[PDB]
């Protein structure tokens, strides 16, 4: 029941400078979430896959425009803010919250996140999904997406 999702998360910090690409492992976490949605026929926008995991980077101007456009187009925004913080994902969190996009933020359990990320709870249309592994995310994500989509339009601060 979800037409499209934008999936965000750390990119630069995950690129191995020796290889110019994200590891198999980091690619796998994003790929699990991408396939989770795509298997239901949902369109998934994701820069990491788009840019061949770091091998075919866009220019900063192109990356920025395309990401904003894809977030605007998508029904829901799902993202890992990152530990340490992903600068681009944090910009994206600002774009999405500022435009009233339904959001699911994937936060590592027992890690500290920014005041301006956790403070979005109850003030933007956001659900926080704390996780201790990728399987937990896969198990809980559909419920969280459905809830924030169900709230789209409810007034928020």
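Positions refer to the first chain, counted from 1.
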*Of 101-109 and 55-63, the one with larger mean CA B-factor*: 55-63
_Of 39-47 and 123-131, the stretch whose C-alpha atoms average the higher B-factor in the entry_ = 39-47
*CA B-factor placement of residue 92, once the chain's modelled residues are sorted into thirds*: lowest
*Which third of the chain does residue 143 land in by C-alpha B-factor: lowest, middle or highest?*
middle
*Would the CA B-factor of residue 157 place it in the lowest, middle or highest third of its chain?*
highest
*Based on the entry's values, in what third of the chain does the Cα temperature factor of residue 137 lie: lowest, middle or highest?*
lowest
